[PDB]
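Have a look at the structure below before the remarks.
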Amino acid sequence: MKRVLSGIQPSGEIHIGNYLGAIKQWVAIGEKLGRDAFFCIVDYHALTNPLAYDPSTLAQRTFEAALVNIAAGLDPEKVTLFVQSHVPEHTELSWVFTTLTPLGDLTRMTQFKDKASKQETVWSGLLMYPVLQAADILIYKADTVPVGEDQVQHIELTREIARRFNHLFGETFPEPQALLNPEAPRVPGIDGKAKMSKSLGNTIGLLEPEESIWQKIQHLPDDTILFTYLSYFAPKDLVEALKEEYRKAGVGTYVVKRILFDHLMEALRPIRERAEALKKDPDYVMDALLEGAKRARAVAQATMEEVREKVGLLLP
Amino acid sequence: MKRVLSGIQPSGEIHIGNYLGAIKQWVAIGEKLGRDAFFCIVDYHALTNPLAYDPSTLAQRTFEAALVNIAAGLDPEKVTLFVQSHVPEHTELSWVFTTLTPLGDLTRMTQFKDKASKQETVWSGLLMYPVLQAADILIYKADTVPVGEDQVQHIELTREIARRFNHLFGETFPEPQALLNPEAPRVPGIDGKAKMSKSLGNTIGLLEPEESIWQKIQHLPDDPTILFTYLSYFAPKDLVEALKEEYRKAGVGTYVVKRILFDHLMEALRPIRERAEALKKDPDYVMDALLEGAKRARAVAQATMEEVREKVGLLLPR
């Protein structure tokens with residue numbers, strides 16, 4: 001990988017599943033690539049649900065997403081963090097890709113079928129979002145994009161558009177490859193019913209109140225989830241020695257639950273402390289997004305100027 | 001009628017059909033609205049047929065579109081002429097609009113539907129084009145849009161989108177109204193069949209070589225006539241009425257009429273052609289009119305786009 005583009009949903013709600021999976025990979029990406037580790041908070045994705053999203057809070061949700069992911073490890077002094085709508089060039093590139101995309105490629109997308117099934121009105125944003133994503137990826141000439149097992153379909157589309165474009169107008173874009181995280185754990189929710197995710201109740205937030213995290217730890221179900229969580233936050237030695245004793249009067253649930261709460265909160269302490277530091281200096285976050293936009297915008301304009309020329313538009 | 005947005009196709013082939021109808025009206029709108037008569041060369045419309053339009057040829061076709069329409073009468077000293085792609089903000093408003101448009105309303109637009117009924121590739125560009133047009137119209141807050149009778153649908157989509165936007169985020173956009181042109185002649189093609197169309201190749205171009213326009217008049221059909229229809233367009237009533245009476249009495253013959261038609265036709269285009277020749281020698285005038293038309297339109301577009309970004313609730317860069 002030479003340039004990576006990672007999308008960050010416009011939300012301040014972040015749980016241990018995110019942090020343990022994707023976020024650690026993102027940080028690793030920031031360590032290999034530097035300013036070329038592009039992180040984009042996709043605030044324009046909020047609009048795909050016209051009536052359900054809330055215009056009065058989108059700004060705070062977008063800002064909060066920057067604060068928390070920064071607190072979680074994305075270092076503005078080392079990477080490139082910016083807000084999707086702060087670099088308008090990509091919606092222009094988006095129109096160009098729309099002309100190069102067969103309708104059938106969009107209507108068959110699994111995410112569209114499924115969502116345009118649980119809706120009494122199919123808004124076009126639902127159908128076209130993937131084209132906007134391809135534009136976000138290709139305007140930065142990104143060659144690698146970290147995605148989850150269930151979001152790889154838009155990268156295939158992005159590759160198809162790149163090929164169709166290169167073919168019609170000349171070699172311009174790379175064919176992005178999806179970067180998966182097989183090594184990361186599949187964090188189960190606070191109830192064995194599924195996996196952790198905002199949509200469900202299932203989560204433990206990095207910045208959740210301590211009492212709340214405690215209640216969730218106690219109300220955990222049996223088989224074992226308690227030990228899965230413990231293996232994520234405590235040394236292997238202490239963990240295997242606890243599970244051996246678990247079958248007998250040496251160690252009993254309540255006690256392993258405390259060991260978990262303590263180890264979990266210590267892991268989150270570095271994060272929570274930055275969170276409060278960043279909440280005390282809001283301008284730090286605004287300045288990081290500003291500098292990040294400058295950098296991405298310089299790249300996007302170069303790309304956009306190359307695209308305008310190749311598709312043949314009259315230049316002023 | 002305060003601000004009008006008129007779309008110009010990216011092409012240098014203007015025929016007397018375009019001239020006698022839409023252009024004559026565009027000229028009238030410019031006399032009345034001056035700088036608020038926005039004229040947009042829609043180069044982005046060419047990309048909707050990706051394998052067919054020639055990219056190595058679009059820049060020139062866009063520039064000729066400006067040249068010929070200015071030669072035909074659109075005056076850069078009075079109006080606001082610019083190229084769609086020169087003010088990119090509308091593609092951004094375009095995304096917003098896309099999210100506020102029910103898929104069904106687009107799939108049922110007559111244009112998309114007819115193309116979708118052929119074994120041709122159904123590009124998302126064909127489906128989404130009306131949303132692009134809506135953003136072009138509203139980014140400039142135009143309240144009037146001149147269109148042919150079979151192109152009213154996209155103005156209706158635009159009003160629907162304006163209403164939806166105004167209700168959800170606060171009054172922002174006017175509901176544009178279509179401006180038809182009933183008083184305009186429906187000009188017949190040289191084969192004397194269907195109306196004159198750039199596609200049917202049955203035309204007489206404003207800049208077509210003289211020797212070529214001649215041959216076409218020479219061959220205008222006549223059953224045992226479009227000949228007197230054209231004559232009507234370019235010669236005084238008195239002369240036309242008398243020639244007709246005489247044509248009915250087998251007094252004056254076809255040949256004489258064709259030359260009267262030709263001379264009168266060439267005299268009508270004369271000023272257009274002289275202008276075209278002057279602009280052709282001075283293309284800086286055209287490019288400068290485009291540059292200035294764009295500054296003016298963009299001043300409005302950025303204002304509109306700031307208004308939208310804020311009402312939609314985006315975290316603004318500041």
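Ligands are numbered from 1 in the order shown, chains are lettered A, B, ... in the order of the structure tokens, and residues start at 1 in each chain.
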Using only C-alpha atoms and a cut-off of 8 Å, which residues of chain B sit close to chain A? Please list them as a JSON list (two decimals) with N, CA, C and O atoms, in the first residue's frame.
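Resulting contents of selection10.json:
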```json
[["chain", "number", "residue", "atom", "x", "y", "z"],
["B", 43, "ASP", "N", -22.21, 21.13, -20.85],
["B", 43, "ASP", "CA", -21.22, 20.16, -21.30],
["B", 43, "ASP", "C", -21.30, 18.82, -20.55],
["B", 43, "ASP", "O", -21.05, 17.77, -21.14],
["B", 47, "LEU", "N", -21.53, 13.73, -21.29],
["B", 47, "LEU", "CA", -21.03, 12.51, -20.65],
["B", 47, "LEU", "C", -22.06, 11.39, -20.41],
["B", 47, "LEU", "O", -21.67, 10.26, -20.10],
["B", 48, "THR", "N", -23.35, 11.68, -20.54],
["B", 48, "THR", "CA", -24.40, 10.67, -20.32],
["B", 48, "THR", "C", -24.40, 9.54, -21.35],
["B", 48, "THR", "O", -25.11, 8.54, -21.19],
["B", 49, "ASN", "N", -23.62, 9.69, -22.42],
["B", 49, "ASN", "CA", -23.49, 8.62, -23.41],
["B", 49, "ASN", "C", -21.97, 8.42, -23.55],
["B", 49, "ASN", "O", -21.35, 8.77, -24.57],
["B", 50, "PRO", "N", -21.36, 7.82, -22.51],
["B", 50, "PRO", "CA", -19.93, 7.53, -22.39],
["B", 50, "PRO", "C", -19.18, 6.86, -23.52],
["B", 50, "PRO", "O", -18.05, 7.25, -23.80],
["B", 51, "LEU", "N", -19.77, 5.88, -24.19],
["B", 51, "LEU", "CA", -19.05, 5.21, -25.28],
["B", 51, "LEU", "C", -19.22, 5.89, -26.61],
["B", 51, "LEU", "O", -18.44, 5.62, -27.54],
["B", 55, "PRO", "N", -14.59, 12.44, -26.27],
["B", 55, "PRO", "CA", -13.90, 13.36, -25.37],
["B", 55, "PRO", "C", -12.83, 14.22, -26.00],
["B", 55, "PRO", "O", -12.59, 15.34, -25.55],
["B", 56, "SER", "N", -12.17, 13.73, -27.04],
["B", 56, "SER", "CA", -11.11, 14.52, -27.68],
["B", 56, "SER", "C", -11.76, 15.64, -28.49],
["B", 56, "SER", "O", -11.10, 16.52, -29.02],
["B", 57, "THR", "N", -13.08, 15.62, -28.55],
["B", 57, "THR", "CA", -13.79, 16.60, -29.32],
["B", 57, "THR", "C", -14.75, 17.54, -28.56],
["B", 57, "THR", "O", -15.22, 18.52, -29.13],
["B", 58, "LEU", "N", -14.99, 17.26, -27.27],
["B", 58, "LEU", "CA", -15.95, 18.06, -26.48],
["B", 58, "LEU", "C", -15.56, 19.49, -26.13],
["B", 58, "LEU", "O", -16.41, 20.38, -26.13],
["B", 59, "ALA", "N", -14.30, 19.72, -25.80],
["B", 59, "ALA", "CA", -13.85, 21.07, -25.48],
["B", 59, "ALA", "C", -14.14, 22.00, -26.67],
["B", 59, "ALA", "O", -14.73, 23.08, -26.51],
["B", 60, "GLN", "N", -13.74, 21.58, -27.86],
["B", 60, "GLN", "CA", -13.97, 22.38, -29.06],
["B", 60, "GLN", "C", -15.47, 22.57, -29.31],
["B", 60, "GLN", "O", -15.89, 23.67, -29.66],
["B", 62, "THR", "N", -17.80, 22.62, -27.16],
["B", 62, "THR", "CA", -18.35, 23.50, -26.14],
["B", 62, "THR", "C", -18.04, 24.93, -26.47],
["B", 62, "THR", "O", -18.88, 25.82, -26.29],
["B", 63, "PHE", "N", -16.83, 25.16, -26.98],
["B", 63, "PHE", "CA", -16.40, 26.51, -27.33],
["B", 63, "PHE", "C", -17.17, 27.03, -28.55],
["B", 63, "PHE", "O", -17.50, 28.21, -28.61],
["B", 85, "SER", "N", -19.68, 22.96, -16.36],
["B", 85, "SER", "CA", -18.52, 22.50, -15.58],
["B", 85, "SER", "C", -17.63, 23.59, -14.96],
["B", 85, "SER", "O", -16.80, 23.30, -14.10],
["B", 86, "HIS", "N", -17.78, 24.85, -15.38],
["B", 86, "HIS", "CA", -16.97, 25.91, -14.79],
["B", 86, "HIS", "C", -17.45, 26.33, -13.40],
["B", 86, "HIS", "O", -16.72, 26.97, -12.67],
["B", 88, "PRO", "N", -18.61, 24.16, -10.58],
["B", 88, "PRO", "CA", -18.76, 22.82, -10.00],
["B", 88, "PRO", "C", -19.66, 22.65, -8.77],
["B", 88, "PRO", "O", -20.06, 21.53, -8.47],
["B", 89, "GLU", "N", -19.94, 23.75, -8.06],
["B", 89, "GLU", "CA", -20.78, 23.73, -6.87],
["B", 89, "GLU", "C", -22.09, 22.97, -7.11],
["B", 89, "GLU", "O", -22.58, 22.28, -6.22],
["B", 91, "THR", "N", -22.70, 20.31, -8.60],
["B", 91, "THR", "CA", -22.61, 18.85, -8.46],
["B", 91, "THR", "C", -22.67, 18.48, -7.01],
["B", 91, "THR", "O", -22.91, 17.34, -6.67],
["B", 92, "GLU", "N", -22.40, 19.44, -6.14],
["B", 92, "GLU", "CA", -22.45, 19.19, -4.71],
["B", 92, "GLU", "C", -23.91, 19.28, -4.24],
["B", 92, "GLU", "O", -24.39, 18.44, -3.46],
["B", 95, "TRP", "N", -25.71, 16.17, -4.96],
["B", 95, "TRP", "CA", -25.72, 15.04, -4.04],
["B", 95, "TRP", "C", -26.86, 15.23, -3.06],
["B", 95, "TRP", "O", -27.62, 14.29, -2.80],
["B", 96, "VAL", "N", -26.98, 16.45, -2.52],
["B", 96, "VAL", "CA", -28.04, 16.75, -1.54],
["B", 96, "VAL", "C", -29.38, 16.39, -2.14],
["B", 96, "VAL", "O", -30.14, 15.64, -1.55],
["B", 98, "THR", "N", -30.08, 14.46, -4.72],
["B", 98, "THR", "CA", -30.16, 13.02, -4.93],
["B", 98, "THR", "C", -30.75, 12.35, -3.67],
["B", 98, "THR", "O", -31.66, 11.52, -3.78],
["B", 99, "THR", "N", -30.27, 12.73, -2.49],
["B", 99, "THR", "CA", -30.77, 12.11, -1.25],
["B", 99, "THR", "C", -32.24, 12.46, -0.97],
["B", 99, "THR", "O", -32.91, 11.76, -0.21],
["B", 100, "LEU", "N", -32.72, 13.53, -1.59],
["B", 100, "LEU", "CA", -34.10, 13.95, -1.35],
["B", 100, "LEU", "C", -35.03, 13.60, -2.51],
["B", 100, "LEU", "O", -36.09, 14.21, -2.62],
["B", 101, "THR", "N", -34.63, 12.64, -3.35],
["B", 101, "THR", "CA", -35.43, 12.24, -4.51],
["B", 101, "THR", "C", -35.83, 10.76, -4.51],
["B", 101, "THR", "O", -34.98, 9.87, -4.51],
["B", 102, "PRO", "N", -37.14, 10.48, -4.49],
["B", 102, "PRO", "CA", -37.62, 9.08, -4.50],
["B", 102, "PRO", "C", -37.17, 8.42, -5.81],
["B", 102, "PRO", "O", -37.35, 8.99, -6.89],
["B", 103, "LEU", "N", -36.60, 7.22, -5.72],
["B", 103, "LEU", "CA", -36.12, 6.50, -6.89],
["B", 103, "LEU", "C", -37.20, 6.38, -7.97],
["B", 103, "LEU", "O", -36.94, 6.63, -9.16],
["B", 104, "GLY", "N", -38.41, 5.98, -7.54],
["B", 104, "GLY", "CA", -39.54, 5.80, -8.44],
["B", 104, "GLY", "C", -39.82, 6.98, -9.35],
["B", 104, "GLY", "O", -40.10, 6.80, -10.53],
["B", 121, "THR", "N", -27.20, 0.26, -23.05],
["B", 121, "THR", "CA", -26.80, 0.26, -21.66],
["B", 121, "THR", "C", -27.55, 1.33, -20.89],
["B", 121, "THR", "O", -27.58, 2.49, -21.31],
["B", 122, "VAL", "N", -28.16, 0.94, -19.78],
["B", 122, "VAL", "CA", -28.87, 1.93, -19.01],
["B", 122, "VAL", "C", -27.93, 2.47, -17.94],
["B", 122, "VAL", "O", -27.80, 1.91, -16.85],
["B", 123, "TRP", "N", -27.23, 3.55, -18.29],
["B", 123, "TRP", "CA", -26.29, 4.20, -17.39],
["B", 123, "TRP", "C", -27.01, 4.98, -16.27],
["B", 123, "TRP", "O", -28.10, 5.54, -16.46],
["B", 124, "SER", "N", -26.39, 5.02, -15.10],
["B", 124, "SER", "CA", -26.97, 5.74, -13.97],
["B", 124, "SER", "C", -27.03, 7.22, -14.35],
["B", 124, "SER", "O", -27.84, 7.98, -13.83],
["B", 125, "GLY", "N", -26.16, 7.61, -15.27],
["B", 125, "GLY", "CA", -26.15, 8.98, -15.76],
["B", 125, "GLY", "C", -27.49, 9.33, -16.39],
["B", 125, "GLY", "O", -28.00, 10.42, -16.14],
["B", 126, "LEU", "N", -28.05, 8.43, -17.19],
["B", 126, "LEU", "CA", -29.37, 8.68, -17.79],
["B", 126, "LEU", "C", -30.40, 8.85, -16.66],
["B", 126, "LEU", "O", -31.19, 9.81, -16.67],
["B", 128, "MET", "N", -30.00, 9.58, -13.33],
["B", 128, "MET", "CA", -29.71, 10.72, -12.46],
["B", 128, "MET", "C", -29.61, 12.11, -13.13],
["B", 128, "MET", "O", -29.55, 13.13, -12.43],
["B", 287, "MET", "N", -13.93, 33.34, -24.99],
["B", 287, "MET", "CA", -13.42, 32.79, -23.75],
["B", 287, "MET", "C", -13.54, 33.76, -22.57],
["B", 287, "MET", "O", -13.76, 33.33, -21.44],
["B", 290, "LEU", "N", -17.11, 33.88, -21.43],
["B", 290, "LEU", "CA", -17.35, 32.67, -20.64],
["B", 290, "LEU", "C", -16.75, 32.82, -19.23],
["B", 290, "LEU", "O", -17.38, 32.46, -18.24],
["B", 291, "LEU", "N", -15.55, 33.37, -19.16],
["B", 291, "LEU", "CA", -14.84, 33.55, -17.90],
["B", 291, "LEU", "C", -15.60, 34.49, -16.99],
["B", 291, "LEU", "O", -15.74, 34.25, -15.79],
["B", 311, "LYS", "N", -27.95, 24.89, 6.44],
["B", 311, "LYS", "CA", -29.31, 24.42, 6.72],
["B", 311, "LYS", "C", -29.42, 22.91, 6.79],
["B", 311, "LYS", "O", -30.27, 22.38, 7.48],
["B", 312, "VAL", "N", -28.56, 22.22, 6.06],
["B", 312, "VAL", "CA", -28.52, 20.76, 6.04],
["B", 312, "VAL", "C", -27.83, 20.31, 7.33],
["B", 312, "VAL", "O", -27.85, 19.13, 7.69],
["B", 313, "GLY", "N", -27.21, 21.26, 8.03],
["B", 313, "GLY", "CA", -26.55, 20.95, 9.29],
["B", 313, "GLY", "C", -25.13, 20.41, 9.26],
["B", 313, "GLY", "O", -24.72, 19.73, 10.21],
["B", 314, "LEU", "N", -24.37, 20.70, 8.20],
["B", 314, "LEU", "CA", -23.01, 20.20, 8.11],
["B", 314, "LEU", "C", -22.08, 20.93, 9.06],
["B", 314, "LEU", "O", -22.35, 22.08, 9.43],
["B", 315, "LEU", "N", -21.01, 20.27, 9.47],
["B", 315, "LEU", "CA", -20.00, 20.90, 10.33],
["B", 315, "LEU", "C", -19.23, 21.74, 9.33],
["B", 315, "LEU", "O", -18.58, 21.20, 8.43],
["B", 316, "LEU", "N", -19.32, 23.06, 9.46],
["B", 316, "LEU", "CA", -18.64, 23.94, 8.53],
["B", 316, "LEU", "C", -17.19, 24.13, 8.93],
["B", 316, "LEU", "O", -16.87, 24.23, 10.11],
["B", 317, "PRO", "N", -16.29, 24.17, 7.93],
["B", 317, "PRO", "CA", -14.83, 24.34, 8.05],
["B", 317, "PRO", "C", -14.47, 25.62, 8.78],
["B", 317, "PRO", "O", -13.92, 26.52, 8.16],
["B", 318, "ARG", "N", -14.76, 25.68, 10.08],
["B", 318, "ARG", "CA", -14.48, 26.89, 10.84],
["B", 318, "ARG", "C", -14.88, 26.82, 12.33],
["B", 318, "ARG", "O", -14.13, 27.42, 13.14]]
```
Residues within 9 Å of residue B:230, only C-alpha atoms, excluding chain neighbours under 5 positions, as an NGL selection string: :B and (187-188 or 225 or 235 or 261 or 265)
Could you save the residues just selected, with N, CA, C and O atoms, as a PDB file, in the first residue's frame?
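Listing of part-v6.pdb after writing:
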```pdb
ATOM      1  N   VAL B 187     -40.499  24.340 -37.474  1.00  0.00           N
ATOM      2  CA  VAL B 187     -39.787  24.247 -38.745  1.00  0.00           C
ATOM      3  C   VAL B 187     -39.562  22.859 -39.345  1.00  0.00           C
ATOM      4  O   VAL B 187     -38.902  22.007 -38.755  1.00  0.00           O
ATOM      5  N   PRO B 188     -40.111  22.622 -40.547  1.00  0.00           N
ATOM      6  CA  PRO B 188     -39.998  21.354 -41.276  1.00  0.00           C
ATOM      7  C   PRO B 188     -38.622  21.088 -41.902  1.00  0.00           C
ATOM      8  O   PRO B 188     -37.951  22.011 -42.363  1.00  0.00           O
ATOM      9  N   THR B 225     -46.122  23.512 -50.008  1.00  0.00           N
ATOM     10  CA  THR B 225     -44.746  23.023 -50.104  1.00  0.00           C
ATOM     11  C   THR B 225     -43.837  23.664 -49.040  1.00  0.00           C
ATOM     12  O   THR B 225     -43.988  24.848 -48.710  1.00  0.00           O
ATOM     13  N   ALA B 235     -39.178  36.212 -45.884  1.00  0.00           N
ATOM     14  CA  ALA B 235     -39.497  37.254 -46.848  1.00  0.00           C
ATOM     15  C   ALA B 235     -40.803  37.906 -46.440  1.00  0.00           C
ATOM     16  O   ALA B 235     -41.695  37.238 -45.902  1.00  0.00           O
ATOM     17  N   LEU B 261     -36.259  32.657 -52.311  1.00  0.00           N
ATOM     18  CA  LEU B 261     -36.089  32.074 -50.984  1.00  0.00           C
ATOM     19  C   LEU B 261     -34.616  32.142 -50.550  1.00  0.00           C
ATOM     20  O   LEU B 261     -34.297  32.620 -49.467  1.00  0.00           O
ATOM     21  N   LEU B 265     -33.014  34.146 -47.625  1.00  0.00           N
ATOM     22  CA  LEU B 265     -32.476  33.340 -46.554  1.00  0.00           C
ATOM     23  C   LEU B 265     -31.066  33.809 -46.212  1.00  0.00           C
ATOM     24  O   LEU B 265     -30.787  34.066 -45.050  1.00  0.00           O
TER      25      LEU B 265
END
```
Determine which residues of stretch 28-150 of chain A receive a DSSP assignment of strand (DSSP E), computed from the backbone, and state them as a VMD selection string. chain A and resid 37 to 41 80 to 83 144 to 146
Include N, CA and C atoms and write out the residues we just selected as a compact mmCIF listing (two decimals), in the first residue's frame.
```
# COMPACT_ATOMS: atom_id res chain seq x y z
N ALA A 37 -2.03 8.24 5.23
CA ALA A 37 -3.02 7.38 5.83
C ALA A 37 -4.17 8.36 5.89
N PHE A 38 -5.08 8.25 4.92
CA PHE A 38 -6.23 9.16 4.84
C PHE A 38 -7.45 8.65 5.58
N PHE A 39 -7.93 9.46 6.52
CA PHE A 39 -9.11 9.13 7.28
C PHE A 39 -10.14 10.22 7.03
N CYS A 40 -11.28 9.79 6.49
CA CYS A 40 -12.37 10.69 6.11
C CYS A 40 -13.70 10.39 6.83
N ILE A 41 -14.16 11.37 7.60
CA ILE A 41 -15.41 11.26 8.34
C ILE A 41 -16.49 11.57 7.29
N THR A 80 -3.73 11.92 8.31
CA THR A 80 -4.56 12.89 7.59
C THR A 80 -6.03 12.66 7.89
N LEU A 81 -6.57 13.45 8.81
CA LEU A 81 -7.97 13.32 9.18
C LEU A 81 -8.73 14.53 8.67
N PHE A 82 -9.87 14.29 8.03
CA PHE A 82 -10.69 15.38 7.50
C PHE A 82 -12.13 14.96 7.36
N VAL A 83 -13.00 15.95 7.21
CA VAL A 83 -14.43 15.71 7.07
C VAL A 83 -14.79 15.66 5.60
N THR A 144 -5.60 1.25 -1.32
CA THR A 144 -6.00 0.30 -0.29
C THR A 144 -7.07 0.93 0.59
N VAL A 145 -8.09 0.16 0.92
CA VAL A 145 -9.18 0.66 1.74
C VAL A 145 -9.57 -0.38 2.78
N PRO A 146 -9.39 -0.07 4.07
CA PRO A 146 -9.80 -1.07 5.06
C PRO A 146 -11.32 -1.11 5.20
```
All alpha helix (DSSP H) residues (DSSP, backbone) inside stretch 39-255 of chain A, as a VMD selection string: chain A and resid 58 to 71 89 to 99 103 to 107 110 to 115 124 to 139 153 to 169 210 to 218 225 to 233 236 to 245 254 to 255
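Within 10 Å of residue A:182, once only C-alpha atoms are used and residues closer than 5 positions along the same chain are dropped, the contacting residues are residues 21, 148 and 149 of chain A.
You will find atom CA of residue B:90 at 18.5 Å from atom CA of residue A:133.
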